[PDB]
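Notes to accompany the following structure.
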Amino acid sequence: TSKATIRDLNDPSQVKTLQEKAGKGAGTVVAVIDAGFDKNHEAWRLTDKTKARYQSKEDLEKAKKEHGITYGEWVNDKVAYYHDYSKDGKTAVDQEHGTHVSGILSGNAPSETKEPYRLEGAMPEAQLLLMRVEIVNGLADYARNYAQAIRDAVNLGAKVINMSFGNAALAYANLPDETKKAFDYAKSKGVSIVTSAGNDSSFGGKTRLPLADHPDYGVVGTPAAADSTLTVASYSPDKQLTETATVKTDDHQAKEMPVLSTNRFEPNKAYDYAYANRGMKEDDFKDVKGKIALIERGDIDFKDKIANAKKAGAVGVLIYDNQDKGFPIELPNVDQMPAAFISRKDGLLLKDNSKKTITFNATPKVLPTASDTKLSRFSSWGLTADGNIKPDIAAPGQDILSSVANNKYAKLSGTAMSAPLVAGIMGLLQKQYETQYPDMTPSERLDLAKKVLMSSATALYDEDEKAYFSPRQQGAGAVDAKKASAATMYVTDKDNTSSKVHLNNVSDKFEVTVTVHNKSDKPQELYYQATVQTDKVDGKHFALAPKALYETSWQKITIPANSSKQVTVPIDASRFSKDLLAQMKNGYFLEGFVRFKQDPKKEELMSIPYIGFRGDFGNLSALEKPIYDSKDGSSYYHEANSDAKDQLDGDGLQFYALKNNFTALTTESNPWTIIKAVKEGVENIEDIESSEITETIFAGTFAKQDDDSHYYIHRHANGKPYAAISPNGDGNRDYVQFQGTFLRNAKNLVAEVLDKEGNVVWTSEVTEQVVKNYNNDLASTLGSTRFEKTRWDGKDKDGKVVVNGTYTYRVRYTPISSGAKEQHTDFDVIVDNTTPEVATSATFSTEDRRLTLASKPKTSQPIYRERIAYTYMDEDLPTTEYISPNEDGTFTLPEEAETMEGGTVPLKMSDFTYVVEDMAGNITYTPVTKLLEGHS
Ligand SMILES: [Ca+2]
Ligand code: NA
């Protein structure tokens, strides 16, 4: 009972054509570096173990002895070697991601599988080297771990190394030297390394669009940033093998549609369904009990939509897209609730259908994708931090069905699924070249295979924009193993280093030079054309879509046999400067593809991308403007309150810093009750000694005298925020600290203080590496970073507190790009240690209960708050509230205080305290009874 494979029904990358030419991997070794594997899975088997490189643990150990490897172990005929390079970690091993990635590369499920179709990877007859690596300490130790796994994989005979992991926005230059030399070691040995681009979209994450003022929104990190690697983006073909559900339309026909199910529905059981809108209100699920809730994708989370139907008593849920030509999204598991994602067109069909009955099928079929041929929304954009072109190539990575833990199978999306397909195509192409080009070195075949894969890759085309997807999103195009296995030509840059042209900074007139390489015995003629395109802009945001400018005339080129010729396409986009600079004031990309055809009417034979930037890329601002300078009071990750644009509350009692992510200075607010308790030596203060809290706030913000619930920005006459410290060790506004939202990566971040008289009085420790805030999510990164090394305690380089005055707090940082000038941002910081002189005597009129102070406060900095506090006990907890002064200078003291429980507590005169604070933080707190006693 031999079952058909998934590839037998769906092979979007044409792997079968290459397999018919180069085999299925028998005798070859490939390696996978991931976070953990199910090394017992049924997908790990060989058809003929006798044809393998390592036929036993003895063959594996002999190879270990020859290279000094004293670790790792044979597992079975398929998994010839497994080693855990992060065994010292305390976290448990996750087996799903690594098993899935490996299955796409070399899965070989037998016919005895429970699945409808067998999972057969690109190289099912190759042996696997599974190597675990996970973060335990830092990213340097991490890169040192997988550098060893690379070297070991090379020395154990791996022809391909697939690395379906990464860390966003990281620069290649910051990798340890061992990691860099391991990349070169594999390359010098003809071993291919394939990296996933990442699932981080652009700056802002898969839910935001980057602002047009900042074109350097790439988020590709390491190891993908290594030039030696082949970095793979993710796209969706126009069709995909999917699970199905069928209904009856109004025309009396049977229409079956794709579904993506979390948990399982009853196979071929007729389900009823009712429309429940966006699933936000309880009334939406009025007639949802017993049926399936049809919920529109909208404003609440999927977990909220699904759980709300569970309360109403539904048997399942159907969430349909709110985007046009969108992608399926894996819905969460909410208490085993069967949840299926469907397209917007299929959802609207179900919404306006008469006989609202749907039946889920057990056998999957190939159906068109709603997205059509489209790049994945999560696939990481270039460029690298160093400014290099990534990714290199695209591969299918939407809802890929592969092997998961416990001998099971599941669909996963991600560039981690795109990579192992290209890795398998690299391995087969290299085998093909071992007979097609035997006189080459292994490094020469590797360089050729990478160039052929990129050249023959079909440049994907956005049908809505009438332009090709940006090279910064798709690389050199979608991999095509048929065109790659058949290619006898390839195209490289001017210096024959890569199949991509990096032009760095360009003006309106530039030229793209490409070398066409012919390896056939006969000369060949080609027609070539360069497309000119840039970014599409929607107002203040990038659309993350191409904007075609024009295309050049088709020109001919004849390349002699076993030779190469260069072509040059002049580009002139000067007639677009005015419009493009209006949308993208700080510069814009000028990019595209030089496409090659045997004849202009035939299909694309090769394509090489070129990328230039119209401006000064390296000197683009790396730091978002301070939040104080915002016209409307909002930044990229922070929205203002339109009713009060100067409101800027602090951290409060939040646990995570998900709010208030912008460039600013931080300080601390320390109430007087805590200053008093600390100076008196109280050990336990929080929720015991005082009801007030020490809050981290932003410098230049001050609370109103009556509310205290909100802080507001105050500014000098010029406009700068009134940032002031009082360095006296009491914890109340003693320091300033730099908080940054970095639009670009930076290096050598250092803060200094100028005395505004021509002298630097203080310099902080240097923060050598700065990573951009490419998102505002705990799962990746927050939209802001607090650099504790930039904290200034108001002291000079000798340790003495600076004299009272205004100082320039200067933050310096340099972009990663080559030769970039150092950038800086300045803040005026006032230092004032002057303790306010306040009253020492007071008389209290018993009739009106008005307290009269012997003298008004005399403060150096302007008065911040002049209040009288009363601290009463509310359920054994001293609770403090405040009283503002009258207009004659007196304070009316109440005789009772209403508690939270609704009661009333009498106020004794020993409960009142006179507190005066200036805008630098200098504070005095005197008991009112002490003032009343202030008389000889
Ligand atoms: Ca202070
Ligand atoms: Na291409």
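Residue numbers run from 1 in the order of the sequence given.
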Between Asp8 and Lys16, is a salt bridge (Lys or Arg N to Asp or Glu O under 4.0 Å) present by the stated rule, with each step listed?
-> CA-CA 9 Å; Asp8 283 345; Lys16 271 195 171 177; 2.7 Å; yes

Could you walk me through whether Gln529 and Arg595 pass side-chain hydrogen bond (donor to acceptor under 3.5 Å, both in side chains), step by step?
-> CA-CA 5 Å; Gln529 157 185 94; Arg595 299 168 61 247; 3.0 Å; yes

Please assess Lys411 against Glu243 for the test salt bridge (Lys or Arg N to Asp or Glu O under 4.0 Å), listing each intermediate value before the final yes or no.
-> CA-CA 11 Å; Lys411 280 182 168 190; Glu243 290 187 340; over 6 Å; no

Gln524 and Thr558: CA distance, side-chain angles, deciding distance, side-chain hydrogen bond (donor to acceptor under 3.5 Å, both in side chains) verdict = CA-CA 6 Å; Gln524 311 199 56; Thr558 299; over 6 Å; no

How far apart are the C-alpha atoms of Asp77 and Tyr54, what are their side-chain angles, what is the distance that settles it, and do they pass the side-chain hydrogen bond (donor to acceptor under 3.5 Å, both in side chains) test?
-> CA-CA 8 Å; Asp77 296 331; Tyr54 300 115; over 6 Å; no

Worked check of side-chain hydrogen bond (donor to acceptor under 3.5 Å, both in side chains) between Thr99 and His41 = CA-CA 8 Å; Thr99 308; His41 200 289; over 6 Å; no

Please lay out, stage by stage, how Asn40 and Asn407 fare under the test side-chain contact (heavy atoms from CB on, under 4.5 Å).
-> CA-CA 7 Å; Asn40 296 317; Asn407 213 46; over 6 Å; no

Derivation and outcome, salt bridge (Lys or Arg N to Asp or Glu O under 4.0 Å), residues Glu434 and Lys431 | CA-CA 5 Å; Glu434 290 167 6; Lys431 164 65 74 167; 3.6 Å; yes

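Of all the heavy atoms in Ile161 and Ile150, the pair that sits closest is CD1-O, 3.7 Å. For the residue pair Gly382 and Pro391, the shortest heavy atom distance occurs at N-CD, 4.4 Å. Nearest heavy-atom pair, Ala224 versus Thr231, reported as atom, atom and distance to 0.1 Å: O-OG1, 2.9 Å. Counting all heavy atoms, side chain and backbone alike, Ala31 lies closest to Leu105 at O-CD1, 4.3 Å. When all heavy atoms of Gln474 and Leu460 are compared, the closest pair comes out as OE1-N, 2.7 Å. In this structure, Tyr82 and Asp84 approach most closely via the heavy-atom pair OH-CB, 3.8 Å.
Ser456 is not listed as a side-chain neighbour of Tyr490, based on a closest heavy-atom distance of 4.5 Å or more. With a 4.5 Å cut-off on side-chain heavy atoms, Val366 and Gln240 do not count as touching. For the pair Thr244 and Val259, the minimum side-chain heavy-atom distance is 4.5 Å or more. Counting heavy atoms from C-beta outward, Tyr409 and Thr113 have side chains that approach closer than 4.5 Å. By the 4.5 Å heavy-atom criterion applied to side chains, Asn388 and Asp227 are not counted as neighbours. Residues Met606 and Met489 have side chains in contact (heavy-atom distance under 4.5 Å, counting atoms from C-beta outward).
Without hydrogens or angle criteria, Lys390 side chain to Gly221 main chain gives no donor-acceptor distance under 3.5 Å. Remark: the backbone N or O of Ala143 is paired with a side-chain donor or acceptor of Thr179 at under 3.5 angstrom. Checked by atom type and distance alone, the side chain of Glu444 pairs as donor or acceptor with a backbone atom of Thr441 at under 3.5 Å. Proximity of a side-chain donor or acceptor of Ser455 to a complementary backbone N or O of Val491 within less than 3.5 Å is detected.
A salt bridge is absent between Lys3 and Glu115: the closest approach of a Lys/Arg side-chain nitrogen to an acidic carboxylate oxygen does not fall below 4.0 angstrom. Ion pairing between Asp447 and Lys451 holds under the 4.0 Å rule for side-chain N and carboxylate O. Taking 4.0 Å as the cut-off between side-chain N and carboxylate O, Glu61 and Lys64 count as a salt-bridged pair. Using a cut-off of 4.0 Å between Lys/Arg side-chain N and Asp/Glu carboxylate O, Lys500 and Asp392 are scored as salt-bridged.
A cation-pi arrangement, defined by a distance under 6.0 Å to the six-membered ring centre and an angle within 45 degrees of its axis, is present between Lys180 and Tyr172.
Screening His100, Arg132, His97 for a side-chain hydrogen bond (donor to acceptor under 3.5 Å, both in side chains) with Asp34, the sole residue that qualifies is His97.
Taking the six-membered ring where the residue is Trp, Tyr142 and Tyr146 present perpendicular rings, their angle passing 60° and hence far from 30°.
Sorted by first and then second residue, the salt bridge (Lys or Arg N to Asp or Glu O under 4.0 Å) pairs with a member in residues 468-482 read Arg472-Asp535, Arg472-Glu591; sequence neighbours excluded.
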